[PDB]
Each structure stands twice: as C-alpha cells, then as structure tokens.
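Enquirer: Starting from these lines, generate the structure:
(chains A, B, C, D, E, F, G, H, I and J, ligands or ions: 4)
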Amino acid sequence: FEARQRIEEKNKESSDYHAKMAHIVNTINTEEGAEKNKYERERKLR
Amino acid sequence: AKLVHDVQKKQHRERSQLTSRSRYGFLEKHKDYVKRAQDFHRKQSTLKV
Amino acid sequence: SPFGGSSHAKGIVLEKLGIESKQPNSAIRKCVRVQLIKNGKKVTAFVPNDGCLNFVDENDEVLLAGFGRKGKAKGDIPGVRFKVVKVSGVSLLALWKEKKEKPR
Amino acid sequence: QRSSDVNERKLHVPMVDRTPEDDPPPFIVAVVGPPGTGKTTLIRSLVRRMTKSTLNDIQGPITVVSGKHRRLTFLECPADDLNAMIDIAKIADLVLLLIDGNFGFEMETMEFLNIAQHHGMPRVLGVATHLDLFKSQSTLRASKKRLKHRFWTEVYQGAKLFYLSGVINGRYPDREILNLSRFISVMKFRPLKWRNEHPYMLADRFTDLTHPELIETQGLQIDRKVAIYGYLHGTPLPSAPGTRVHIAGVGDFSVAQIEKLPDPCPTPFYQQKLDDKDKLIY
Amino acid sequence: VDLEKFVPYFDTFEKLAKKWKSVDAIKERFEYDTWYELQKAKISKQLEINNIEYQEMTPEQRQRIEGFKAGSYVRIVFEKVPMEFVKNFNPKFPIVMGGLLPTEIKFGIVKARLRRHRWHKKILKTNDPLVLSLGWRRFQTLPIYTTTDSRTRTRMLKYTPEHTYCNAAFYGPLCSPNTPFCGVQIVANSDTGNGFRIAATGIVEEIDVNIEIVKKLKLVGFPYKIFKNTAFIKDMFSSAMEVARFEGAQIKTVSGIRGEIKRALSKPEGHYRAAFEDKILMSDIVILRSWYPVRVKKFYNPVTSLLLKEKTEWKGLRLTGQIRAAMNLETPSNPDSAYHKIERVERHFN
Amino acid sequence: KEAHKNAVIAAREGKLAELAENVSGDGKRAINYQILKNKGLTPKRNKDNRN
Amino acid sequence: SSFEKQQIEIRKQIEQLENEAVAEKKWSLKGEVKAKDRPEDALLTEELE
Amino acid sequence: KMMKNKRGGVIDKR
Amino acid sequence: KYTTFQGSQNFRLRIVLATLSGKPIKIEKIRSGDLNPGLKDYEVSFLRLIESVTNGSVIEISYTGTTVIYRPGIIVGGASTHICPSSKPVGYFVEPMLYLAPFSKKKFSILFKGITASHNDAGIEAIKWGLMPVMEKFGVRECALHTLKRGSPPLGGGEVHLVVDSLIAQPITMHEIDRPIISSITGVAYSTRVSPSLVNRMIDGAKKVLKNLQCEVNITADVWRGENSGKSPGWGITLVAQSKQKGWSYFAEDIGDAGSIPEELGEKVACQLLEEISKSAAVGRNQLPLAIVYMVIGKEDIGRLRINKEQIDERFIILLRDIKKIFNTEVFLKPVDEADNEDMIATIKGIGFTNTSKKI
RNA sequence: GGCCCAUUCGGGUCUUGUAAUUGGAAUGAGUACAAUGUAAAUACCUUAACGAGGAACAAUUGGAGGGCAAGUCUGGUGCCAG
Ligand SMILES: Nc1nc2c(ncn2[C@@H]2O[C@H](COP(=O)(O)OP(=O)(O)OP(=O)(O)O)[C@@H](O)[C@H]2O)c(=O)[nH]1
Ligand SMILES: [Mg+2]
Ligand SMILES: [Mg+2]
Ligand SMILES: [Mg+2]
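Expert: Numbers count the residues shown, from 1 in each chain, chains lettered A, B, ... in the order given. Ligands and ions are numbered 1, 2, ... in the order given. Below, you will see the structure:
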C-alpha cells in the first residue's frame, strides 16, 4: 500500500514540476521575445 | 572554460574493493561493466546469425 | 538603446524565477526578475552562473547590462536580453572571485 | 550620452529614514582599532578642539556638540574584546578606524570591517597613526599609498583616509585634527535597514536603584533594580511599560518604568529657535 | 453586543419600512519625471501626514500613541537584573539596549544560506559549535549544513563547501528574513592565536519550528549465488521479516546494474532473491539507497561577556578538534574508506 | 596497540606546537599574504606570461 | 546567584554534548551500514523511506 | 502524512 | 504570562488577534453560569482550524472546558479540508481566515464543508462581494472563494474553496477621509431545491423599494439546481452598493425561512441596504472590524478612516478595547471639518507588522 | 616520439620531450653612511654597506577545451541519451 501511494505522489509531483518549468519558459520567450523583436525593428528603422 | 573555478573541476578519486571481499577480485566499475556487456552482445549477435 | 538611451540600468530584484528548477546551472536558474527603476518596467535578466545566484537576493540594487549571444545555444532562453553586472554596488564577478564582500 | 548615465547613478532603492524631523539624537562615533593605536589620544584631541576643554580621563560614552545643529557621541571600543566589536558595529553611525602606519593593517582592523560589511556598512573613516616613526620620506609615501589602496578595497574607492604624524602633550597636530572635525560635521549619513526598524540606545550612565537594606537582609546575591540613561535611536520606543528589550551581553528584559528627562546636552540651534559658548560636553 | 454575530442589529422590518418610504435622506450619497521620485514622493507625502496628525494631538496624546521618539533622553528602569552586571561593571565596555520585535522573542529553527568566510583557514563542520550574531543578540548554536540534491530533499552535509554557500539550519531565536549575520568560533583572547576569526557569513532565508533534514543511509549486501539475471544476496538484512518490508525496493550494484528485491528466502534468515537487468559478478557489491531522518540539536548558550569578570575570556562548547586533543583521542578513521591507487589489468575475453 | 596509539597522539601534538611556533611574540597581529594581496581564486598561469 | 545557577545548567549541557561528539555515532548516522554492524531487527523500527 | 510536519496539536483534557 | 480574557465574546477575534500579534493569551469563564458550560462544538472546531493553518501552536482546553490557553505558532497555511459542524455555517469559519491568509508561509487552499448560510453569520456572497473587496483595497490583490456546492440549512451539504494567492508583507496604509459616491447597486438572489420563481419574486420585492433611486439596480438570479443544489431547500438575497470611483462596497443580506414570502424578504433586505448606507461613512459596520484590524497591523504609519457616529456602537467599543489589550495601539477619533454631516476620522498607527513566515 | 596538412581515408617531415638534476657569474627594485639637489625640503643623477632560485623580491586580464565518483537530476525501445 505504501508503495502505491509513493509512486502516485512522485508521478504527480513530476507532472506538476514539468508543467511549471514549461509555463515560465514559454511566457518569458513570448513576452520578452516580443519586446526584443520590437526593439530590433526600431533599430533597423534608425 | 568560462565562469568555472578550478576547485569545481577537481578529480574525484575512485575507491577500491573491500578487504573482506579481497579474495573475489577487483570491484568492477561502470567502465568495466560496459566492456563485459559489449563483449557478450557481440558474440550473441554472431551466434544468432 | 534598450535602456532608454543608457548603457546600464539600475533595478530591483523582485524574485528569482528559476530557483525551483531541479537541473543545476540550467538556463532558467540563472534568470532573475528585475524592476527597472527609471520607468518601473519589469524585466528578466541572466546571472553569470548558479554560484553567483547566492549573492543576488530580493530588494537589492542591481546594475544591468546587455547580454549578447554570439551564436545560438541549445539551452538558452531567447528573450532575456540583460545580465547582472553589479549588486549592491559591488561587482558580481568580484564577489564570485572572492576579491570583495557585498555591503548590506 | 553621459547625461543619461549620470541620471542612472541617482536611482536607488526607495527607503524610509526614521530620523525625526526635529531634535535628532547624537550620532554615534566609534573609535575602533588594535591596541595601542591611540584611540584615547584621538578622542582627547577631538574633544578638546571641538569643546576647547580637555578630558584627562575618558571612559564610556562622551556626548559633545560638534555643530550648530549636529551633536556627537564618542565611544572607545575595547580593542582586545571581540564581543565588543560586534555590538558597536551594529549601532555605530560613524567608525573612526585606527591603523598603525608603521606596522600596517592588523587582523582586528580587518575583522571589524568584515563585521560592519555584513550588518550594514556605516560611514568608515581611516586614521593612519605612527607615521613619525618612519625614518625616510620615500618609504613613508610608499606606505601611505599602499595603505590607502588597500583601505580603498574594503571601503568605496576614494574613501577619505587621515594621516597623523606624532603626539605632543598627548595631542595630535592641531591643524590636522581640524580637518577631521570638519569632515565629521560635513558628513551626511545613510539610511540603514536594521537601525531604521528597531529602537536602541547607548547607556550614557548606569545606576543601581536597589535598596541597601535589601542587599543586607538577603545578601548581595539578590537581583537588582537598575536604571539606565541614554538617548533613543531608530524607531520610537513605545511609551507604555512592558516592552521587551535585549541588553547585549546581559540578556532579555522588560521595561519596568520609563520616563523622559530634559536633554543634558541640548543643541544650540534648538535653544535659539526658542559660538564657543554654544559648544558643550556631557 | 458581540462580534460573533456577523450580521449587525437592525430595527424591526415595519419600522425600517416606515422610515424608508421616502429615500430623500440618502439621495445625497448617490507628474514626476522618474519612477524613483514617485516612490520618494509617496514616502515623503505620508511622512508629512504623521507630523501633521501628531502636531494636532496633545503632547501627552503624542507620547501615548507614537511613544518616545528618537532624540529623547530617557530613563529606563529594569528589574531582576543579574547582580554580576552591577558588580562587574566596567565603564569602558558599552551597554547596548535593543528593543525586540515579536518575532525576535520566539525560539525555533532558523534556515540560513551560509558560507565559510573566504579568509578563514578551515572549513566548518556539522554539529560543531559556532557563536552567531543575529540582530541584537549573540549566542552559540550547533548548525547542520545541508544541500538540496537538485531541489528534491534536505540532505545533510558533513562540512561547508570550500568556496560556495550551503544551506544551514540551527536552533535559536527567530529573526526576519533578509537578516544578515556572521559567525565566530573563538571569542576569548586566550585562544585568539593569529588566524582570522570570522568563521561564517550568511543571510537568514526562512524561520520555522520544525525541519526534516535527512541523511543518506545505504544498506550493503553481497551476492553468493548468481543465475544470469537472478541472483541471491546476503548481509543486507538480518531476518526475513526485514526483507518483507523492502520487497520491491530498487537496488543497484557498484557497476551500475539496476535491480529489484524480489522475495525473501526462507533459508538462511535474511537472504533474498534479486533480479538485475544484467548478470552481476561476485566481486560486485549491491547497495540500497535509503534515507534516515536527522534532528537539529536544541543547544542555546547565549554569550554573556559583560556578566563575567574578565569580559574577554568567555568560553563555551569546544570544537571537535579541541575536545579530542584534551582527551587524547585520535581522529576516527575507517581503513576501507581510505583511497588507494589501483592499476587495471587489460580485459580479455574468451 | 597502545604503542601505535601513543605514536599518533605524539605526532598530532608536535604539529600543534609547530603551528604555535608561527605566532609572533609581539601581541600585534599582521595580515597574512592572502589578506594583503587579496588575489582570491585565479587559474593556474604559466610563468611565461610574467615576462 | 541566578546567573550562576544558569551557568551550572549550561555546564551540564556542554559536557553531555562534548561526550556525544566524541562518542561513536549510531549505526544510522554511519553511511554504508551492514547487517553485522547494526542491531538485529533495527530496520523494522526506523520506518525508512 | 498529516502528522509528519507538526509540532503543536490540540490538547483536549475534557 | 498571559493577557487574560473573560467569556466567549469576540472569541474568534481574540484568537486571531493573538495569532497575528504572536502574544499568548488565556480566555477563561466561557459560559460559566450556563447549564452547559464550556466551549461549543463550533468553537472547538474553529480552534482545530487554527492548528491546520498554524504550526507549533499550543492550545490547551481546561478539564471543565471553560478555560483555554493559546500559545500562537507561525502561520503556515497550506492545502487542507475542514468539516464544519451543523451548528455553524462555513462563513463562520471562513471569515477569521481572511484576517490571516495574506500573512502565511504557503497559500491558503482550504475546502470547507457544511452549511453555507445562516441568519447570523457571513454568507458566501457577503464574503465574495462584501469583504474581499475591502482586502483588495488593503493590497491583497488575489483572493477568491469558489462556490462548488451550496448547502441550505438544516441539512447543508455545501462546500466552498478558499484560495488566497496573494501573500504580502503588510497591508498598505489606509487613507479614506471622504464619503464614497455610490454608482450602482447589485446583488445576488439565490435559491436551492425549489421552483425558480422564488428568485424572481425577491427581485420584484427589492426592485420595488429601490426604484425610487436614480442609480441602476441589476440583481442577479442565481438559481441553484441539480446535484450541486445541496440537500435542503432554501433561498436568500444579498444587495451590494458599489462605488466604482474607489472600489468601495456596502452590503446587507438575509435568507428566507419556511413560511416566508419571497417578496417580503426582497423588500426587507433592500430596506436594510438603505439603512446600512445611512449608517455608513466609508465602510459599513459588518466590514469595519476587518478594516480596523488591518490598519492596526500596517507599517509604522498613520492610517485615516472616516466613520459615522452611528457606527461607533457597543460592538465597536468592545473591539477597540480588545485591540489595545493585545496590541496596545489606541485609536484616536477626530471630527471632520464639514458641517453638512457628522462624521469622524479614525486615526490609527500601525505596529510595523511584517510577514516573517514567508520564505524569500 | 614530436610537429604540419587533410570532410573522408590517409599523407608529409626529423633531434625532439621532461610534469629531471645542477654551476658559477650579472643587476635593479628596495634599505641606506653620504654628498649633490633646493629659500628649506621631496624627487632626479652619482655612490660606501646590505639586497636572488620558489630568484616566495610570489604582474594581471580574457578565451578554447579535456577528464574523474559506490555522487545528484531528467527522458526513454534493459547496459542508453541529456
Ligand atoms: N610616536 C607616536 N606615538 C603614538 C602615536 N599614536 C599613539 N602614540 C602613542 O601610543 C601610546 C598609546 O596611547 P593611548 O592613548 O593609551 O592609546 P589607546 O588607544 O588608549 O590604547 P588602549 O590602551 O587600548 O586604550 C601613547 O604613548 C601615545 O603617545 C603616533 O602617531 N606616534
Ligand atoms: Mg584607551
Ligand atoms: Mg586597487
Ligand atoms: Mg639555476
């Protein structure tokens, strides 16, 4: 019984952890990447 | 090597077989095991053919 | 100019985003959220390595500088354009080399 | 683009300074250095030129008026006690760091600088002494430069470092002390996180209020009722009794009674809003 | 009458209705250049409010609310002070009174990010006395230095890392996070020697009343019968009942061959069957990685230099190095643990 | 075992006395070379770079 | 005096801790434990993970 | 799992 | 030792104030002279909630049950479930947590189960639209109470999920010296396990009283039905007066009993809402103890809150005496310079509270 | 054995390497009896005595790569990959 509980908890924690890192990585790329590409366009305009 | 101390890149010395088990022989390490596994598979591959 | 005409921008360390990342010295661990003082705009910046992450803590001044990548690397997080060069008025490299101590 | 950069240097962490708008307490000046570097002679020299009166014996806090609106408290840190160096380093607004020029930096001098750096760096002034013991001008100039650059590593580059040559009648060169006494009055102090969040005071006087009869009928072993006096610092202390306090090196206690007293050394500018005459020592 | 009733008292419905046929009574209701200056303006603006409100108060009312302000010369009276303080009172030694916030009063487990000081010669050790300077207070504690193991657990270390920070947990009065501190091993003049004395530097990260530091505890057994993948192990467990607990546990050899504990063998006691991904050898050693809880020792020895006559020879718990020398005991050593050079003969197969 | 035990203790005590010899007779304590130059952590550099 | 009484109690704690640091560690604290080293049936107690 | 990380607890003497 | 209290009055506040201040308290003589002495079931359940959210605390209940000794620990929070006894609804357990949730080591994610409404305790929609907005003005940006199932009395069966994602050092200093202008009136009329017509019949009743007003009146009809409708039939309304200028809210609520006319309750609550507005200056009475406590636990700053002389009642006076016995802060009250009305400004200095549990 | 060219396979050339030991000579930074220097003095130039093997009389700054564990983490189609 303890074996069943431990494995389920480990999988859930592993699933949640991968969800968080994917979220914070994607949000950084999307929002900051926009600002970078925006700035790169202004510099090209100059 | 960028932003790494020399202390970080320190050789980790590797152990030996216990004295109580000294009769049996050399304590195999991962590199030693890899040589065995490849050798067996090479022979088994030809024997299968 | 990314900083509104300046080469370096003073900021406030709001949070260390990647503190919970399991993999040591990952690209995410070296990221810190910084609030630019000049306009209050929140931005994310790189730290040179996880070792220098210990020095950086919340609510301390940081001087930022552009982070230039010569070539694409597998693990980089594109979009983070800034790297921390000074914390509390002391060079972070100097702290990393133990040639100074951060004054609080 | 220098105009942009200079503006950046003005930008800092917003912070709240709890110094009252009127009648601030005296600033604490800590004279810290290894034994025999001349902490006592420096205090006497500074006390005389600001007050024009000489203290033959100095012990514990000494409050003097250094300016029209500026008041100063001196403290001689015991050089041989490390426990002392810790708790001065937490309250000292200004530290006069004594260094022996002939011998150079010492372990205790470094240790206090590292203690101070971790508890919030206060203003630190380097005072170089025993420069008369040198026999050559050439070696003296090199030692001064070497001492100055090392001191610039611990404290911001360009930090002011004072040079004292010799001692006459237990006093330093008069013209040299004046440059120091101004720089203490010119100094503008910084808001530090810990000092602006807790109340503390340097006991100016100590007195035992325990009744002598109690001492006899029970014995000296009986605990004592004590009163302490001193200016308050930092955040206001609550008026009501019962607040918890810690006395460094003694333990924790609760304020049994508290009462404000007239200032023994009121600043002159205060009296006038109501000069050699104006300068006072307590 | 009492706030346990969230709903407030109201008049009877009909009277409220008559009051509110007509609702005429209630009809009456229905640039700073830089962001830094804006924050400073907000601070200064609020600080202006305090002076205005206090000025409107009576002087007695001011003292009642704000208390005694800085700059006030004040007489504070204490009771139950130790008699040594008045007797062994040296005017040269300062007396610093420090007010305490409610957090400082509590005692518990303090979590700090701690490093050996760069100029300190030796690395600190776990469960090794250290005199700390937190807030207004100085005291001696027994810290435990730990590591995150890729942020999965709180594993106990043996010593501070040579040139980097490591999480430390020690028992003592609590303090707010962002409270820096320093540590010293020796405060007496007798043991000052010549070496640099500031031992540790760090910042408190978290305060708690409990902690679950854990230590890696590795069970070791040896094989005595090997059958291709399957193999029998011995010396890991002392009785079959122990094996019953660990059935299905993951194990590995030194060689890196992973395996599982399948079942306990009836004869002899403690032997069991394990299946490995590949054939193991007799020279190999099987290891079960297990974790054992560790507890922070509750030792609190506040430094009381002023109370002592010397005031400069305070001595508390001694290091593990010094205690051994006094009792003439040797540094414990394990012959198998030591490292030796090993020469590998070239491997050849039939 | 006692004979070897006494040997280890004696060797340790000799080292502590040798360390004690380093402390200067004058009470004044000087900063060592590490504090004075403050070179910190540096890579190993070939002597050829010196000139 | 009260302070002297407190000093005595701390002087009892200090001695106990001094022996503990000198004394050989429990089997659990020692890494790499074996069947012979530990007491019999100890694992049944510890409730390891 | 509830008892793992608690030092307090309700003490009911009724 | 212990700051001693008497009786059961302000039981939740005295524990919460003790937990916030960290000062141990002792409360004695709880229902001494009654036939049934000592703590009620809902009170002891309330205590158990504290240890689920605090760590290291020592609560000791005397043998007779009339005296309790509380030594507060550190707010730890976390995810948990609490089964609220039928003697009190979930709101009786929710509201004290709102004082503590922004001051935790980990976000509060508490699932309450039991009755979701009563005649004397805060309702779900009072907490959602009536108390949280007060916190939002105090700097708790993220707070929510999710209604998964409603449970009407006497059988209940409801469950609500309290989530406070916002953790802050201390509440922002308050400055409200004006009388907010009400832009609109909204509210939630709900029913369970009955015909939907009842909700409309209330909305007719409330609309009848409020139509004299010159502001919009839009009341939502939240009919609950199906598995999520609880186990007993019930219905009630809550009307909230909103001031969009500065996000201020006043509200009044009530639920319906067997044999009661839906139109009449809609008339009564809307009548009471106007009464509360008449009695309000910046925050209504049922909001005030939250506002008073939060200003006490602010920075070392002077907070100004305008209050009406009608608000300063026996409930107000007893609150302030309780605050001083723990915190020792005194609230000074000054009249306003205006002559059109009779308000007074409450000035309070925060004790410099800081959220020291949160890891950084 | 060292080095050079070459995607590939390979091709070209010869006193090279030491992570070894060792000798006596030379001199400046420095420290200084001096003199010169200068209103006096510092500095410079000159010069009695001392001043080199880790010549510890201990210049830096930046980059490119390796390799190691009964170590930790992640994903899988065992023994793999990151
Ligand atoms: N020649 C010379 N003597 C000095 C100098 N500074 C201090 N002294 C001497 O050093 C001695 C020490 O004087 P003190 O005033 O007692 O120094 P201190 O700071 O009080 O030392 P503590 O005993 O620890 O308090 C006196 O004889 C001083 O004349 C200096 O620059 N040159
Ligand atoms: Mg002296
Ligand atoms: Mg320099
Ligand atoms: Mg040679």
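Enquirer: C-alpha from now on. contacts and neighbour counts both.
Expert: Fine.
Enquirer: Which stretches in chain A count as helices?
Expert: A:2-45 (DSSP state H).
Enquirer: closest point of it to chain C, which residue?
Expert: residue A:33 (4.3 Å; CA to the nearest CA).
Enquirer: residue of chain G with the smallest distance to chain C?
Expert: Proximity of chain G to chain C (CA to the nearest CA) peaks at residue G:49, 20.7 Å away.
Enquirer: ok, the closest residue to the residue of chain A closest to chain C other than its chain neighbours - how many residues close by?
Expert: The shortest distance from residue A:33 to any non-neighbouring residue, by CA to CA, 6 or more residues apart in numbering or on different chains, is to residue C:79 (4.3 Å). Using other CA atoms under 10 Å in any protein chain shown, residue C:79 has 19 neighbouring residues.
Enquirer: follow-up on the earlier one: what's the separation between the residue of chain A closest to chain C and residue C:44?
Expert: According to CA to CA, to the nearest Å, residue A:33 stands 11 Å off from residue C:44.
Enquirer: At the contact with chain E, which residues of chain H appear?
Expert: Counting by CA under 8 Å from any CA of the partner chain, chain H comes close to chain E at H:5-7.
Enquirer: what's around the residue of chain G closest to chain C, how many residues?
Expert: Residues near residue G:49, counting by other CA under 10 Å, number 13.
Enquirer: So it versus residue E:288, what's the distance?
Expert: Counting by CA to CA, the separation of residue G:49 from residue E:288 is 11 Å.
Enquirer: Identify each buried residue in the helix or strand hosting residue I:135, please.
Expert: Per DSSP states H and E, residue I:135 falls inside helix I:132-137. Across helix I:132-137, burial judged by 16 or more other CA atoms under 10 Å in any protein chain shown covers I:132-137.
Enquirer: which SS class is residue D:225?
Expert: With DSSP: H, G, I helix; E, B strand; the rest coil as the basis, residue D:225 sits in strand.
Enquirer: okay, now it: neighbour count?
Expert: Counted with other CA under 10 Å, residue D:225 comes out at 19.
Enquirer: List the contacts of it.
Expert: D:208-210, E:77-81 (CA atoms under 8 Å, 6 or more residues apart in numbering or on different chains).
Enquirer: likewise residue D:264?
Expert: Residue D:264 neighbours (CA under 8 Å, 6+ apart): D:282, E:73.
Enquirer: Against residue I:18, how distant is it?
Expert: 41 Å.
Enquirer: Walking through chain C, point out its helices one by one.
Expert: With DSSP H as the criterion, chain C has helices at C:50-53, C:92-96.
Enquirer: Tell me the secondary structure of residue E:201, please.
Expert: strand.
Enquirer: Without its sequence neighbours, what residue ends up closest to it?
Expert: Using CA to CA, 6+ apart, the closest residue to residue E:201 is residue E:182 (4.6 Å).
Enquirer: Give me the most central residue, chain H.
Expert: Against the mean C-alpha coordinate of chain H, by CA atoms, centre = their mean, the closest residue is residue H:9 at 2.5 Å.
Enquirer: Could you do chain C as well?
Expert: residue C:84 (3.4 Å).
Enquirer: same question, chain I
Expert: Note on chain I: the residue nearest the mean C-alpha position is residue I:95, at 4.4 Å, using CA atoms, centre = their mean.
Enquirer: Just to be sure, that one is in a helix?
Expert: Yes - assessed with three-state DSSP, residue I:95 lies in a helix.
Enquirer: on that earlier part again, with secondary structure as new columns, can the residues of chain H next to chain E be given to me in TSV?
Expert: Below are these laid out as TSV (three-state DSSP):
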residue	secondary structure
H:5	helix
H:6	coil
H:7	coil
